[PDB]
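Engineer:
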Amino acid sequence: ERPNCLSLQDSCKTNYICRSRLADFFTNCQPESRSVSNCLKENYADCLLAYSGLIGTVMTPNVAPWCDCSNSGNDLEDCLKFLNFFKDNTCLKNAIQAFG
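In terms of the numbering used here, the sequence shown opens at residue 710 and continues consecutively.
1. Looking only at its chain, what residues have a beta carbon closer than 7 Å to the beta carbon of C727, apart from the 5 residues adjacent to it on each side?
2. Quick one: give me the first and last residue of the alpha helix (DSSP H) that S716 is part of.
3. On the three-state DSSP scale, how would you describe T769?
4. Between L731, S742, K750 and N747, which has its C-alpha nearest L792's C-alpha?
5. Within 10 angstroms of the Cβ of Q806, are there 16 or more other Cβ atoms? Answer buried if so, exposed if not.
6. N783 and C738 look like a contact to me (Cβ under 8 Å); what is the Cβ gap, rounded to whole Å?
7. Buried or exposed, going by whether 16 or more other CB atoms sit within 10 Å of the CB of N752?
8. Output needed for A759: all residues of its chain with C-beta closer than 8 Å, excluding positions within five of it in sequence on either side, in chain order.
9. For my contact list, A773 and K796 are in at a C-beta cut-off of 8 Å; report their separation, rounded to the angstrom.
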């Protein structure tokens, strides 16, 4: 059964390897601004490498990890923000197109 993304995030953060890789992904594939969803082009390579760095962890893509936001309770908005960082990430989409 597909787990809740926040639960999966917690299982990742307790492992020093996954915690580090996840943090790198959020850092390198973040928007260039609150208004601009894309990152600066100069960061494409680092964003893709960071995204690929998730492979081998519970955050392995297949794209978003294997999780959804069912049963998020009061934390639904946060769960969706997490999930959308994978599914609706302009920086990541552009990086994959550029070097994937």
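Yeah, the Cβ is synthetic: ideal placement off N, Cα and C, and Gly gets one too.
Structural biologist: Answer, in terms of the structure:
1. Working through the sequence shown from its first residue, we reach residue 727 at position 18. Non-local beta-carbon contacts of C727 in its own chain, meaning distances under 7 Å to residues more than five positions away in sequence, involve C721, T766, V767 and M768 in chain order.
2. Walking along the sequence shown from the start, residue 716 turns up at place 7. From DSSP, the alpha helix (DSSP H) with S716 extends over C714 to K722.
3. Translated into positions along the sequence shown, residue 769 becomes position 60. The three-state secondary structure of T769, taken from DSSP, is coil.
4. Taking the sequence shown and counting its residues from 1, the one referred to as residue 792 is at position 83. Taking only the C-alpha atoms, the option nearest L792 is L731.
5. Residue numbering aside, residue 806 sits at position 97 when the sequence shown is read from its first letter. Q806 is exposed by the Cβ-count criterion.
6. Numbered from its first residue, the sequence shown carries residue 783 at position 74. Numbered from its first residue, the sequence shown carries residue 738 at position 29. 27 Å between Cβ atoms; not a contact.
7. Mapped onto the sequence shown, residue 752 falls at position 43. The residue in question, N752, is buried, as its Cβ has 16 or more Cβ neighbours within 10 Å.
8. By 1-based counting over the sequence shown, the position of residue 759 is 50. If we look at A759 and ignore the five residues flanking it on each side, its Cβ neighbours are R730, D733, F734, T736, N737 and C738.
9. The residue you call residue 773 lines up with position 64 of the sequence shown. The residue you call residue 796 lines up with position 87 of the sequence shown. About 5 Å separates the two Cβ atoms, so the contact holds.
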